[PDB]
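Everything on this sheet refers to the single structure shown next.
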Amino acid sequence: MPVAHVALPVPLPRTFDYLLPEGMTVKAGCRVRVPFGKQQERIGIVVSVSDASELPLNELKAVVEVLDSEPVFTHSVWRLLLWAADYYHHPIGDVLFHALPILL
Amino acid sequence: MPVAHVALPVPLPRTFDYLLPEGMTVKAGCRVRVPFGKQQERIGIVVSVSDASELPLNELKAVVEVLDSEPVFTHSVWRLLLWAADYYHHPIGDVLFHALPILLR
């Protein structure tokens with residue numbers, strides 16, 4: 001066939017980069033709505049905010065809206081979760097979202 | 001202000017799609033060389049081969065070389081691994097490349 005989906009030993013937190021529009025401000029632990037595929041919407045959780053992306057600053061889709069003004073996660077809880085994710089080999093996305101419900 | 005590294009509720013096995021040039025043929029459980037960043041190589045393991053990718057079939061970098069003629073993993077082992085990765089929530093890539101050394105050696 002054509003498309004060979006392959007696995008590679010990727011860096012610890014495999015995340016998706018998105019641009020923050022002018023004037024929109026978000027911090028770690030906040031949920032945001034973002035584009036994805038060609039059709040698109042979905043809720044995500046910001047892990048970090050850098051001034052560098054592995055791809056050009058221009059061909060990055062942009063964040064839609066910020067659902068939280070303050071981290072839905074406790075400073076401690078967050079530290080713990082990022083740890084668990086790393087220590088036990090679990091995708092950050094998974095721990096966080098599967099962990100969100102139990103928290104609320 | 002610019003970017004932000006985001007975590008998302010991604011599907012079971014988060015994999016990287018690669019185009020198979022014309023005439024090149026691979027099966028599940030085999031290693032392959034593949035481009036990566038803007039410039040250099042890496043070795044991976046094919047988990048599946050379909051007729052579609054979430055991205056434009058032309059926008060995908062192409063497979064370089066196929067290291068294995070046959071699955072370096074056994075049909076049983078394979079099934080277990082994929083299972084272990086899903087059931088315990090471990091990156092499939094992570095389980096496969098770690099166990100490789102063990103299983104063989």
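Letters A, B, ... mark the chains of the structure tokens in the order given; residue numbers begin at 1 per chain; ligand numbers begin at 1, in order shown.
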| message | Can you pull out the residues contacting residue 40 in chain A? Cut-off 12 Å, using only C-alpha atoms, and skip same-chain residues under 5 positions away; I want them as a list in words. | response |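 These residues fall inside the cut-off: residues 33, 34, 35, 61 and 64 of chain A.
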Sorted by chain and rising residue number, which residues of chain B lie within 7 Å of chain A, and what are their closest atom pairs and distances in Å to one decimal, counting only C-alpha atoms, as CSV?
residue,atom,partner,partner_atom,distance
B:1,CA,A:20,CA,5.8
B:2,CA,A:19,CA,5.2
B:3,CA,A:19,CA,4.5
B:4,CA,A:49,CA,3.8
B:5,CA,A:17,CA,4.9
B:6,CA,A:46,CA,4.5
B:7,CA,A:93,CA,4.7
B:8,CA,A:93,CA,4.6
B:9,CA,A:93,CA,4.9
B:10,CA,A:93,CA,6.6
B:15,CA,A:7,CA,4.9
B:16,CA,A:6,CA,4.7
B:17,CA,A:5,CA,3.8
B:18,CA,A:4,CA,4.9
B:19,CA,A:3,CA,4.9
B:20,CA,A:2,CA,5.4
B:44,CA,A:8,CA,5.2
B:45,CA,A:7,CA,5.7
B:46,CA,A:6,CA,4.6
B:47,CA,A:6,CA,6.0
B:48,CA,A:5,CA,6.0
B:49,CA,A:4,CA,4.8
B:50,CA,A:3,CA,5.7
B:51,CA,A:2,CA,5.4
B:52,CA,A:3,CA,5.8
B:53,CA,A:3,CA,6.1
B:89,CA,A:90,CA,5.9
B:90,CA,A:90,CA,5.3
B:91,CA,A:91,CA,6.6
B:93,CA,A:7,CA,5.1
B:94,CA,A:9,CA,6.3
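For residue 77 in chain A, the non-local neighbours within 12 Å, defined as residues at least 3 positions apart in the same chain or in other chains and counting only C-alpha atoms, are residues 29, 71, 72, 73, 74, 80, 81, 82, 83, 84, 95, 96, 99, 100, 102 and 103 of chain A.
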| request: Could you tell me, as a PyMOL selection string, which residues of chain B DSSP assigns to strand (DSSP E) when given the backbone? | output: chain B and resi 5-7+16-19+31-34+42-50+65-66
Output N, CA, C and O atoms of each residue in that selection to a file, as a PDB file, in the first residue's frame.
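Output (result32.pdb):
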ATOM      1  N   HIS B   5       3.774  24.473  23.412  1.00  0.00           N
ATOM      2  CA  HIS B   5       3.779  23.034  23.212  1.00  0.00           C
ATOM      3  C   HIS B   5       2.594  22.430  23.957  1.00  0.00           C
ATOM      4  O   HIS B   5       2.561  22.380  25.190  1.00  0.00           O
ATOM      5  N   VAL B   6       1.615  21.998  23.158  1.00  0.00           N
ATOM      6  CA  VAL B   6       0.333  21.444  23.605  1.00  0.00           C
ATOM      7  C   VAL B   6       0.166  19.919  23.653  1.00  0.00           C
ATOM      8  O   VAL B   6       0.529  19.205  22.714  1.00  0.00           O
ATOM      9  N   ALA B   7      -0.436  19.437  24.737  1.00  0.00           N
ATOM     10  CA  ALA B   7      -0.711  18.014  24.898  1.00  0.00           C
ATOM     11  C   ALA B   7      -2.159  17.808  24.443  1.00  0.00           C
ATOM     12  O   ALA B   7      -3.023  18.641  24.722  1.00  0.00           O
ATOM     13  N   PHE B  16       4.035   7.878  13.109  1.00  0.00           N
ATOM     14  CA  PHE B  16       4.519   8.796  12.070  1.00  0.00           C
ATOM     15  C   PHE B  16       4.371   8.180  10.661  1.00  0.00           C
ATOM     16  O   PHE B  16       5.010   7.178  10.342  1.00  0.00           O
ATOM     17  N   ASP B  17       3.547   8.799   9.813  1.00  0.00           N
ATOM     18  CA  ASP B  17       3.301   8.295   8.466  1.00  0.00           C
ATOM     19  C   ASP B  17       4.423   8.598   7.485  1.00  0.00           C
ATOM     20  O   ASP B  17       4.962   9.704   7.453  1.00  0.00           O
ATOM     21  N   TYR B  18       4.764   7.595   6.682  1.00  0.00           N
ATOM     22  CA  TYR B  18       5.823   7.704   5.685  1.00  0.00           C
ATOM     23  C   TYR B  18       5.325   7.083   4.396  1.00  0.00           C
ATOM     24  O   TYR B  18       4.663   6.058   4.405  1.00  0.00           O
ATOM     25  N   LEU B  19       5.666   7.708   3.285  1.00  0.00           N
ATOM     26  CA  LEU B  19       5.231   7.238   1.993  1.00  0.00           C
ATOM     27  C   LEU B  19       6.134   6.132   1.515  1.00  0.00           C
ATOM     28  O   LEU B  19       7.333   6.211   1.703  1.00  0.00           O
ATOM     29  N   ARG B  31      11.757  -3.171  10.493  1.00  0.00           N
ATOM     30  CA  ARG B  31      12.429  -1.912  10.688  1.00  0.00           C
ATOM     31  C   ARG B  31      12.608  -1.222   9.327  1.00  0.00           C
ATOM     32  O   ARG B  31      12.601  -1.880   8.281  1.00  0.00           O
ATOM     33  N   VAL B  32      12.748   0.103   9.353  1.00  0.00           N
ATOM     34  CA  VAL B  32      12.883   0.905   8.139  1.00  0.00           C
ATOM     35  C   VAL B  32      13.665   2.168   8.476  1.00  0.00           C
ATOM     36  O   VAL B  32      13.595   2.633   9.603  1.00  0.00           O
ATOM     37  N   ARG B  33      14.425   2.714   7.531  1.00  0.00           N
ATOM     38  CA  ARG B  33      15.150   3.952   7.808  1.00  0.00           C
ATOM     39  C   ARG B  33      14.184   5.036   7.385  1.00  0.00           C
ATOM     40  O   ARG B  33      13.454   4.849   6.423  1.00  0.00           O
ATOM     41  N   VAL B  34      14.149   6.163   8.084  1.00  0.00           N
ATOM     42  CA  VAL B  34      13.208   7.188   7.680  1.00  0.00           C
ATOM     43  C   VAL B  34      13.720   8.601   7.868  1.00  0.00           C
ATOM     44  O   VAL B  34      14.473   8.869   8.793  1.00  0.00           O
ATOM     45  N   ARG B  42      17.020   8.161  11.025  1.00  0.00           N
ATOM     46  CA  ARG B  42      16.621   7.400  12.215  1.00  0.00           C
ATOM     47  C   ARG B  42      15.996   6.030  11.827  1.00  0.00           C
ATOM     48  O   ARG B  42      15.527   5.834  10.703  1.00  0.00           O
ATOM     49  N   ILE B  43      15.990   5.086  12.765  1.00  0.00           N
ATOM     50  CA  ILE B  43      15.458   3.734  12.529  1.00  0.00           C
ATOM     51  C   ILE B  43      14.164   3.491  13.270  1.00  0.00           C
ATOM     52  O   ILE B  43      14.071   3.722  14.473  1.00  0.00           O
ATOM     53  N   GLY B  44      13.172   2.971  12.568  1.00  0.00           N
ATOM     54  CA  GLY B  44      11.910   2.713  13.220  1.00  0.00           C
ATOM     55  C   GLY B  44      11.304   1.364  12.907  1.00  0.00           C
ATOM     56  O   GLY B  44      11.889   0.515  12.230  1.00  0.00           O
ATOM     57  N   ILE B  45      10.094   1.178  13.404  1.00  0.00           N
ATOM     58  CA  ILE B  45       9.377  -0.061  13.200  1.00  0.00           C
ATOM     59  C   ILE B  45       7.978   0.194  12.662  1.00  0.00           C
ATOM     60  O   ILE B  45       7.193   0.925  13.275  1.00  0.00           O
ATOM     61  N   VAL B  46       7.669  -0.417  11.522  1.00  0.00           N
ATOM     62  CA  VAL B  46       6.353  -0.266  10.910  1.00  0.00           C
ATOM     63  C   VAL B  46       5.304  -0.967  11.778  1.00  0.00           C
ATOM     64  O   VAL B  46       5.464  -2.126  12.128  1.00  0.00           O
ATOM     65  N   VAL B  47       4.232  -0.271  12.130  1.00  0.00           N
ATOM     66  CA  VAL B  47       3.207  -0.884  12.954  1.00  0.00           C
ATOM     67  C   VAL B  47       2.048  -1.371  12.132  1.00  0.00           C
ATOM     68  O   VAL B  47       1.378  -2.331  12.509  1.00  0.00           O
ATOM     69  N   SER B  48       1.832  -0.701  11.002  1.00  0.00           N
ATOM     70  CA  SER B  48       0.740  -0.999  10.074  1.00  0.00           C
ATOM     71  C   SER B  48       0.943  -0.286   8.735  1.00  0.00           C
ATOM     72  O   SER B  48       1.694   0.672   8.637  1.00  0.00           O
ATOM     73  N   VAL B  49       0.256  -0.753   7.703  1.00  0.00           N
ATOM     74  CA  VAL B  49       0.364  -0.143   6.389  1.00  0.00           C
ATOM     75  C   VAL B  49      -1.039  -0.014   5.818  1.00  0.00           C
ATOM     76  O   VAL B  49      -1.669  -1.021   5.514  1.00  0.00           O
ATOM     77  N   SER B  50      -1.545   1.213   5.692  1.00  0.00           N
ATOM     78  CA  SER B  50      -2.889   1.423   5.139  1.00  0.00           C
ATOM     79  C   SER B  50      -2.810   2.176   3.824  1.00  0.00           C
ATOM     80  O   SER B  50      -1.725   2.411   3.294  1.00  0.00           O
ATOM     81  N   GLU B  65      14.812   3.139   3.389  1.00  0.00           N
ATOM     82  CA  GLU B  65      15.213   1.763   3.207  1.00  0.00           C
ATOM     83  C   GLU B  65      14.516   0.858   4.211  1.00  0.00           C
ATOM     84  O   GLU B  65      14.159   1.288   5.304  1.00  0.00           O
ATOM     85  N   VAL B  66      14.313  -0.393   3.817  1.00  0.00           N
ATOM     86  CA  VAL B  66      13.662  -1.384   4.661  1.00  0.00           C
ATOM     87  C   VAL B  66      14.713  -2.364   5.167  1.00  0.00           C
ATOM     88  O   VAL B  66      15.187  -3.213   4.418  1.00  0.00           O
TER      89      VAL B  66
END
| message | At a cut-off of 8 Å, using only C-alpha atoms, what residues contact residue 70 in chain B? Leave out same-chain residues fewer than 6 positions from it and give the result as a ChimeraX atom specification. | response | /B:27,29-30
| said: One decimal, in Å: what's the spacing between CA of residue 63 in chain B and CA of residue 35 in chain B? | reply: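 Between CA of residue 63 in chain B and CA of residue 35 in chain B the gap works out to 7.1 Å.
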| message | Could you go through chain B and tell me which residues DSSP, when run on the backbone, assigns to helix (DSSP H, G or I), listing them as number ranges by chain? | response | B: 75-87, 92-104
Next, write the just-selected residues to a file, as an mmCIF file, in the first residue's frame, keeping N, CA, C and O atoms as the atom set.
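Ended up saving to selection21.cif:
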data_model
loop_
_atom_site.group_PDB
_atom_site.id
_atom_site.type_symbol
_atom_site.label_atom_id
_atom_site.label_comp_id
_atom_site.auth_asym_id
_atom_site.auth_seq_id
_atom_site.Cartn_x
_atom_site.Cartn_y
_atom_site.Cartn_z
ATOM 1 N N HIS B 75 5.176 -13.486 15.545
ATOM 2 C CA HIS B 75 3.753 -13.196 15.474
ATOM 3 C C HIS B 75 3.061 -13.108 16.831
ATOM 4 O O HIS B 75 2.152 -12.297 17.017
ATOM 5 N N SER B 76 3.490 -13.943 17.772
ATOM 6 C CA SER B 76 2.927 -13.962 19.124
ATOM 7 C C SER B 76 3.397 -12.724 19.881
ATOM 8 O O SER B 76 2.594 -11.909 20.349
ATOM 9 N N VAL B 77 4.715 -12.612 19.998
ATOM 10 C CA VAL B 77 5.372 -11.498 20.668
ATOM 11 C C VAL B 77 4.794 -10.175 20.229
ATOM 12 O O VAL B 77 4.552 -9.274 21.035
ATOM 13 N N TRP B 78 4.632 -10.060 18.917
ATOM 14 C CA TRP B 78 4.106 -8.853 18.329
ATOM 15 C C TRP B 78 2.754 -8.561 18.945
ATOM 16 O O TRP B 78 2.557 -7.510 19.560
ATOM 17 N N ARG B 79 1.831 -9.506 18.799
ATOM 18 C CA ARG B 79 0.490 -9.334 19.336
ATOM 19 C C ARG B 79 0.522 -8.934 20.814
ATOM 20 O O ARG B 79 -0.239 -8.064 21.243
ATOM 21 N N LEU B 80 1.401 -9.560 21.595
ATOM 22 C CA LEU B 80 1.512 -9.221 23.013
ATOM 23 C C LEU B 80 1.922 -7.766 23.176
ATOM 24 O O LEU B 80 1.234 -6.986 23.833
ATOM 25 N N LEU B 81 3.047 -7.415 22.563
ATOM 26 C CA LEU B 81 3.584 -6.065 22.611
ATOM 27 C C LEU B 81 2.557 -4.975 22.315
ATOM 28 O O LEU B 81 2.348 -4.057 23.125
ATOM 29 N N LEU B 82 1.922 -5.081 21.153
ATOM 30 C CA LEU B 82 0.902 -4.117 20.765
ATOM 31 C C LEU B 82 -0.145 -4.063 21.857
ATOM 32 O O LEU B 82 -0.623 -2.991 22.233
ATOM 33 N N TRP B 83 -0.486 -5.229 22.379
ATOM 34 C CA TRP B 83 -1.474 -5.301 23.429
ATOM 35 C C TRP B 83 -0.938 -4.608 24.685
ATOM 36 O O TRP B 83 -1.576 -3.687 25.205
ATOM 37 N N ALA B 84 0.241 -5.022 25.148
ATOM 38 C CA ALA B 84 0.852 -4.445 26.353
ATOM 39 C C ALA B 84 0.912 -2.934 26.253
ATOM 40 O O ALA B 84 0.636 -2.227 27.213
ATOM 41 N N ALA B 85 1.253 -2.441 25.075
ATOM 42 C CA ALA B 85 1.328 -1.009 24.898
ATOM 43 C C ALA B 85 -0.035 -0.333 25.077
ATOM 44 O O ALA B 85 -0.131 0.712 25.721
ATOM 45 N N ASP B 86 -1.087 -0.938 24.528
ATOM 46 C CA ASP B 86 -2.437 -0.384 24.615
ATOM 47 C C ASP B 86 -3.034 -0.507 26.018
ATOM 48 O O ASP B 86 -3.441 0.484 26.640
ATOM 49 N N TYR B 87 -3.074 -1.736 26.505
ATOM 50 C CA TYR B 87 -3.632 -2.030 27.808
ATOM 51 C C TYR B 87 -3.033 -1.279 29.005
ATOM 52 O O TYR B 87 -3.744 -0.971 29.964
ATOM 53 N N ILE B 92 3.652 2.988 21.928
ATOM 54 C CA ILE B 92 3.997 1.768 21.220
ATOM 55 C C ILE B 92 5.447 1.756 20.798
ATOM 56 O O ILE B 92 6.104 0.727 20.831
ATOM 57 N N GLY B 93 5.935 2.916 20.376
ATOM 58 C CA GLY B 93 7.314 3.010 19.935
ATOM 59 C C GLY B 93 8.242 2.660 21.073
ATOM 60 O O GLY B 93 9.224 1.955 20.871
ATOM 61 N N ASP B 94 7.903 3.165 22.262
ATOM 62 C CA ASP B 94 8.649 2.950 23.499
ATOM 63 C C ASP B 94 8.721 1.469 23.870
ATOM 64 O O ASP B 94 9.793 0.964 24.186
ATOM 65 N N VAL B 95 7.590 0.764 23.839
ATOM 66 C CA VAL B 95 7.621 -0.659 24.169
ATOM 67 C C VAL B 95 8.422 -1.406 23.126
ATOM 68 O O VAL B 95 9.352 -2.114 23.471
ATOM 69 N N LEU B 96 8.077 -1.259 21.852
ATOM 70 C CA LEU B 96 8.807 -1.976 20.806
ATOM 71 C C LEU B 96 10.314 -1.834 20.784
ATOM 72 O O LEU B 96 11.022 -2.832 20.664
ATOM 73 N N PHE B 97 10.823 -0.617 20.888
ATOM 74 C CA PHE B 97 12.263 -0.476 20.833
ATOM 75 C C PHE B 97 12.980 -0.931 22.093
ATOM 76 O O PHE B 97 14.144 -1.320 22.035
ATOM 77 N N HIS B 98 12.288 -0.931 23.226
ATOM 78 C CA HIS B 98 12.934 -1.371 24.453
ATOM 79 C C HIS B 98 13.039 -2.871 24.483
ATOM 80 O O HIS B 98 14.098 -3.420 24.751
ATOM 81 N N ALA B 99 11.930 -3.538 24.215
ATOM 82 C CA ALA B 99 11.906 -4.985 24.231
ATOM 83 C C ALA B 99 12.803 -5.609 23.164
ATOM 84 O O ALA B 99 13.298 -6.725 23.335
ATOM 85 N N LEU B 100 13.030 -4.901 22.065
ATOM 86 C CA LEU B 100 13.859 -5.460 21.001
ATOM 87 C C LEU B 100 15.150 -6.063 21.562
ATOM 88 O O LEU B 100 15.417 -7.249 21.365
ATOM 89 N N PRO B 101 15.958 -5.252 22.274
ATOM 90 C CA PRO B 101 17.216 -5.715 22.864
ATOM 91 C C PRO B 101 16.986 -6.963 23.703
ATOM 92 O O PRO B 101 17.643 -7.973 23.498
ATOM 93 N N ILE B 102 16.053 -6.884 24.646
ATOM 94 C CA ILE B 102 15.717 -8.014 25.492
ATOM 95 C C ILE B 102 15.438 -9.194 24.557
ATOM 96 O O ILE B 102 16.340 -9.983 24.281
ATOM 97 N N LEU B 103 14.217 -9.295 24.028
ATOM 98 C CA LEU B 103 13.831 -10.412 23.146
ATOM 99 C C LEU B 103 14.923 -11.094 22.308
ATOM 100 O O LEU B 103 14.990 -12.320 22.258
ATOM 101 N N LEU B 104 15.772 -10.306 21.654
ATOM 102 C CA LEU B 104 16.836 -10.848 20.810
ATOM 103 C C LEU B 104 17.998 -11.403 21.600
ATOM 104 O O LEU B 104 18.361 -12.569 21.476
#
| task | Report the distance between CA of residue 68 in chain B and CA of residue 28 in chain B in Å, rounded to one decimal place. | result |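 Spanning CA of residue 68 in chain B to CA of residue 28 in chain B is a straight-line distance of 10.3 Å.
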